[PDB]
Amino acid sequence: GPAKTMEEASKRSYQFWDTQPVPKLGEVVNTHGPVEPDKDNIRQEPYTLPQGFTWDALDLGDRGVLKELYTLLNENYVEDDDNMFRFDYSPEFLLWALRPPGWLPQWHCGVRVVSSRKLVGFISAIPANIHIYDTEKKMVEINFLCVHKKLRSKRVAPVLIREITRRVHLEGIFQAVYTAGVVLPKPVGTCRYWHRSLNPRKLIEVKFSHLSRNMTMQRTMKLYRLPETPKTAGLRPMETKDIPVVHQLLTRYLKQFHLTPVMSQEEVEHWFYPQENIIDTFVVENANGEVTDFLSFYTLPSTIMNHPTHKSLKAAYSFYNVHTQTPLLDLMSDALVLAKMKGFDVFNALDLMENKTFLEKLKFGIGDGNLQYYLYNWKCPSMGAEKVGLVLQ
């Protein structure tokens, strides 16, 4: 069974993770560096799957293969605590998250039924340069670990983790970064999700949020109302000409945190250049024509399960927000207005970076979900949420 709390985690033994090069849940980490040395020789054979299943690297350039992956995740990926909502990553979003610069086809690691060819399992790695305290290391980011519901509790997920580890080792990479809503050995940081209602009537009707006993629907509407247009002078969508300055602003801004990406200019283009219904980035171009700030948020809707009328929830997720001349509070206020303008029902943000400076003021409510951050094969002290400067998808 999975552990969502540190209390429930302390009472668990981790048959798989105890075999892995990560610190134990109990210990305090006093050192910096790899848990074990880099391997001089790597297993050449893929790990064995239960009888009747086979590995298959997924070419996401094939529209039908991408749609199979969409469907696996849409029906079997992450749900909320009460099994009411499930992530519904779009096919085009998956292309964005899984084909950044340097992506490798063998790192899109699928499991198929031999007879029917049904896709029943998945895990992915993408390369990323990660700055962790005083070290910069080429790592991978692991995402989208998914096992079909009919296939769970058959230790397929440990096989998926070992197989992607093997395939990453073959490329000479020995560390990874990843998040999870469960506690595992051993988080480098724990972040909390906060939620800012944008369409509170829909959120309440579908039981995403609850009307407090001391608040009417009418007061809830007024509490969350926003302006019709943003207030910041010179706010506009990011364009191709802004890629260098956005790269520069981000690089300088991230230096104050202890876990951050190190992005090339091409990676900045990939992660921030606006794509409708995937990623939005707005820059502030001032009266001199100079770009001084930017905000970004990605699009991640969810399925509303077993509901007759409302089928989906449109969520915006705070990505990276850089301020040098505009107050962060004004920047995020305009992000809320832009998300509302674009039809989003809720705006989500973690308590990492400097987000705690605006969460309560802009009327975010604290969520029931922690997002733990992990490093594989790297020992270092844990850090508070406000020093985590890394957002995944």
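For every residue, the number given is its place in the sequence shown, counted from 1. Throughout, rigid core stands for the largest set of C-alpha atoms superposing within 1.5 Å between the two forms.
Any chance you could tell me whether 310 to 318 or 232 to 240 drifts more in 7 other deposited structures of this protein, judged by RMS CA distance from this form after superposing on the core? Looking at 232 to 240 versus 310 to 318 in 7 other deposited structures of this protein, the farther one turns out to be 310 to 318.
According to the deposited model, is the average Cα temperature factor higher in 189 to 197 or in 294 to 302? Stretch with the higher mean C-alpha B-factor: 189 to 197.
Between 68 to 76 and 179 to 187, name whichever shows the higher mean Cα B factor according to the PDB entry. Stretch with the higher mean C-alpha B-factor: 179 to 187.
If I read the C-alpha B-factors straight from the PDB entry, which of 339, 331, 29, 349 is highest? By C-alpha B-factor in the record, 29 ranks first.
When the CA B-factors of 91, 110, 230, 100 are compared as recorded in the entry, which is the largest? Of the options given, 230 has the highest CA B-factor in the PDB entry.
Chain third (lowest, middle, highest) by recorded CA B-factor, residue given as residue 391: Within its chain, residue 391 is a lowest-third residue by C-alpha B-factor, going by the deposited values.
Ranked C-alpha temperature factor of residue 166 among modelled chain residues, by third: As the PDB entry reports it, the C-alpha B-factor of residue 166 lands in the lowest third of its chain.
Using the B-factor values recorded in the entry, state whether the Cα atom of residue 224 falls in the lowest, middle or highest third among the modelled residues of its chain. Ranked within chain, residue 224 CA B lands in the highest tercile.
C-alpha B factor of residue 206, ranked within the chain: lowest, middle or highest third? Highest third, going by the recorded CA B-factors of the chain.
Position of residue 155 among the chain's modelled residues by C-alpha B-factor, lowest, middle or highest third: Residue 155: CA B-factor falls in the highest third of its chain.
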